[PDB]
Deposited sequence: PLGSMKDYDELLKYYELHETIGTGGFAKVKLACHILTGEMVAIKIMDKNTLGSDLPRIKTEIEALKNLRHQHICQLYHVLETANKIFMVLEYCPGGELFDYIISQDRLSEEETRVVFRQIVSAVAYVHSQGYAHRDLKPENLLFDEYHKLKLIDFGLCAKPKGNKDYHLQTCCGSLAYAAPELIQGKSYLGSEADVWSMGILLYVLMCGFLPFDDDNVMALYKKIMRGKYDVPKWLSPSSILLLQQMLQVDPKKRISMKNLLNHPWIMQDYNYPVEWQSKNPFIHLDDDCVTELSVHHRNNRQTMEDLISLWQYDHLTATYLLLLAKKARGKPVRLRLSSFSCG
């Protein structure tokens, strides 16, 4: 509630602000001046959950995946915190499901394999999203999914929440990795049905439906889909299917005949030659630091500009 325009001084030196596109914090579309690439900037007012956005930043600095919304630049003033992120024009998965009522099994698989790829990578780095829901999955320009909102993420094996409808029965009991598998199971159901497996007007009724684990199985669901849903939506976390068995699951393997490529194609070590070749050893040393300043943003967007096919240049 300060309303200061001086906080935008450092930001406008690298980006051109446009319109507001997304929702607590405020999200605005912007254009990286040096590269010309479009970006999404999240703006948090420090006077208006601070440790929640601090959790997301710390995670996105260590996480880099083709199905995770990339963090380009972090800028903090005296009153605001700016987060320059990958721009996803396709919008929420949630909105896509509503517009299409429900997705076919084939359509779902294309989408779901990208979700599995992201979450498997997240778990491999010792993280757990803990808030998997269709609102937190965005389509990019190539209509591929990008996982967002790591504000509630945590390290299950580290030092010492989300939507109830996607919460694992263990979380309701008040008892980490297997929790995300459950949520993906809920996601799988919604994708192919268009509605939640567990839903109710009353909160206690809802949480009770979840812990029972009983849900309707629509007639349009194939037995293969039915089997996988059972394996993911096991009320007992120990009985729930592991990430490893999910990667090469028969349902997943259908029409593809190869396991989900969860490995990150977005490295920290290997730098691009064309992107570096500008303005060598001194330049590469600066990029490898990854301070997530203007340099990190410039390089990653220059690499994105290169992956787009556009000329590796700076306006």
Next item on the list: Any chance you could give me the deposited-sequence numbering of all the stretches lacking C-alphas?
Entry: 24-25, 51-53, 166-172, 188-190, 295-301, 338-344
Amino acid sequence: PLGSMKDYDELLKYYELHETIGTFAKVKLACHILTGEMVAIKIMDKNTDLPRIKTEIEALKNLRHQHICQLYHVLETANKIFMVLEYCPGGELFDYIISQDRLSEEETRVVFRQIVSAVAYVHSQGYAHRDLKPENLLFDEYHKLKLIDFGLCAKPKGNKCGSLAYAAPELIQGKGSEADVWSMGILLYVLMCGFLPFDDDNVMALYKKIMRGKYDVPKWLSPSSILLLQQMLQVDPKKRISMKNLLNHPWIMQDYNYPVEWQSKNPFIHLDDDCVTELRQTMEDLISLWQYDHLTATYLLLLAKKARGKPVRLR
From here on, numbers count along this sequence of modelled residues.
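So that the term is clear: the rigid core is the largest set of C-alpha atoms that superpose within 1.5 Å between two forms.
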Next item on the list: Rigid core fitted first, then name the stretch among 77-85 and 117-125 whose C-alphas deviate most from the displayed form in 6 other deposited structures of this protein.
Entry: 77-85
Next item on the list: Any chance you could tell me whether 187-195 or 166-174 drifts more in 6 other deposited structures of this protein, judged by RMS CA distance from this form after superposing on the core?
Entry: 166-174
Notebook entry, point to check: Other compared entries: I226 unbuilt in at least a third?
Noted result: no
Notebook entry, point to check: In at least one third of the other PDB entries compared, is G90 left unmodelled?
Noted result: no
Margin query: When the Cα temperature factors in the entry are averaged, is it 94-102 or 115-123 that ends up higher?
Written below: 94-102
Next item on the list: Going by the average Cα B-factor in the PDB entry, point out whether 79-87 or 229-237 comes out higher.
Entry: 79-87
Notebook entry, point to check: Quick one: which of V260, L63, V39, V276 has the biggest Cα B-factor according to the entry?
Noted result: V276
Checklist line | Highest recorded Cα temperature factor - choice among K133, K208, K157, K214 | finding: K157
Check: Among the modelled residues of its chain, does the C-alpha B-factor of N202 lie in the lowest, middle or highest third?
Finding: highest
Notebook entry, point to check: How does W220 rank on Cα B-factor within its chain, lowest, middle or highest third?
Noted result: middle
Margin query: Quick check for you: using the entry's CA B-factors within this chain, is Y72 in the lowest, middle or highest third?
Written below: middle
Next item on the list: Can you work out whether the C-alpha temperature factor of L289 puts it in the lowest, middle or highest third of the chain?
Entry: highest
Next item on the list: Within this chain's modelled residues, let me know which third the CA B factor of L152 belongs to: lowest, middle or highest.
Entry: middle
